[PDB]
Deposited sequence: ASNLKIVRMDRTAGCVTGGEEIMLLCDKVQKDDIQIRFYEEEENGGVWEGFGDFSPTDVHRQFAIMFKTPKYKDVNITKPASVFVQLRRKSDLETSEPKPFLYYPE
């Protein structure tokens, strides 16, 4: 084994294909892997991508905190950044939009 599809941010698509998808998987080689789609006499098709599209990284599945004002009637735009606990270093912030329920 060793090859496993940990995750796919999209499990459906238009028969026309050509839509981008982010697939997460365990250890693989960038130039020795391929995503094959098949249907059991035997149809197949492969995903379009290149060696520069495949990078090793960290993944954090977390749950969002609750904004301060629960009762807004309009989207509140704020920031989300990474922060290291030991030296409180940070990352470039990123925009995140909260909406009323």
Review point. Which parts of the deposited sequence have no C-alpha atoms in the model?
Key: 1, 42-45
